[PDB]
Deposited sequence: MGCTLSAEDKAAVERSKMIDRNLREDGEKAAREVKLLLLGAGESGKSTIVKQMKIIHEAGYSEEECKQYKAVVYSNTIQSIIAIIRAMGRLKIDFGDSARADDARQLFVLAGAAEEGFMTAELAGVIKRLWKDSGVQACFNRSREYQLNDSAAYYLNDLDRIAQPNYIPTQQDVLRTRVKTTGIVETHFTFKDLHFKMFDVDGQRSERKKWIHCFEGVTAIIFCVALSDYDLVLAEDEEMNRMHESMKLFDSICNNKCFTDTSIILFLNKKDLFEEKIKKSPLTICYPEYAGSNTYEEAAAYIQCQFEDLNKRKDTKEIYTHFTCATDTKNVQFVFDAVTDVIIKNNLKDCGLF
């Protein structure tokens, strides 16, 4: 954005400070959205992209988290089979299912051995297990279940070291409000992941692939309600409201087989990625009560995709530079 460079070059407030050219222009960014919408993943991406990121030794720290998530995923599927009354493809997998629970049951924390890897591999290749997997909207299953289970052989190797993508795919139970700092285009970002005064911008995350998920309340509806409060809150009048319609990769896969009408019974468009995503975007943007005063800046994201997040965050920063710089202090 040549317009961004020009816009920021119009500022003169550094001149009022003795060492103004060395001062830090600060941007305060609130990262919001329902649980599992992708907030932590965006935080990790900011570290990877703008701060070098996740070194091998750092990645190693996530090994047992990867194991934990993998064990949780397969157990979720196996348990759901009993509830949905889905039989194993090969009755022999029943012994493996039992063994899964024996091994997870006796251990202290996530782990992986050859024996466990074999049990999980055989379960995951079984046709009943796959049929239950494909009905995951009917229970609660980690988004990254397939990612880890399909790569089990690599993850189970004795000298396994998690990759960045392995780390980005983890589900980690975070609580409270976490602040991270990073500098990009010479802006000093202060990012708060809320699981606020002077907020320059809000990035609001939505899991697109929640549309067909729940117990007796639709997860997308809840995200809408939450965006509604936020977008029209008086405190955020001058705040740039950025909307990340996230998990577009998972959404693209689901929409082929699971109709949007599950979420919006009135939807009468085609069940294609293009029409259904557009419709969701319109549903969210329509919650904006001040359409003549405030614009929503919407992006379709895959938060685990570093190149996608770098591209999007670049566009978001140019919007901030063009609209909000005058409200950003020097420190």
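Gaps without C-alpha coordinates occur at 1-7, 203-214, 234-237, with positions taken along the deposited sequence from 1.
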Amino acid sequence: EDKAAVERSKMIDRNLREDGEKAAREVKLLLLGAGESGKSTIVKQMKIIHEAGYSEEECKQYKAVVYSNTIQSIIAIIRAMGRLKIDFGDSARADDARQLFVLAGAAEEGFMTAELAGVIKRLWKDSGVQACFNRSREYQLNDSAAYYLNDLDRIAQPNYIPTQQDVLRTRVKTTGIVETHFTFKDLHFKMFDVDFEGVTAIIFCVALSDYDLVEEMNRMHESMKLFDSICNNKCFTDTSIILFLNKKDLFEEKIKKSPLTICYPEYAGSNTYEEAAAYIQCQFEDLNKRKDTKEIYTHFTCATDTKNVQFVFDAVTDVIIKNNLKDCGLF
From here on, numbers count along this sequence of modelled residues.
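Stretches 43-51 and 286-294 differ in mean C-alpha B factor, with the higher average recorded for 286-294. Stretches 216-224 and 184-192 differ in mean C-alpha B factor, with the higher average recorded for 216-224.
Note on the listed residues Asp249, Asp96, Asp238, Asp166: the highest Cα temperature factor in the record is that of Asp238. Looking only at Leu141, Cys231, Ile203, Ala146, the residue with the top Cα B factor in the deposited structure is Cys231. Annotation for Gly269: CA B-factor lies in the highest third of the chain's modelled residues.
In this PDB entry, the Cα temperature factor of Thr175 sits in the top third of its chain's modelled residues, the highest group. Annotation for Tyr160: CA B-factor lies in the highest third of the chain's modelled residues. Per-chain ranking of the deposited C-alpha B factor places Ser209 in the lowest third. When all modelled residues of the chain are sorted by CA temperature factor, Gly198 is found within the highest third.
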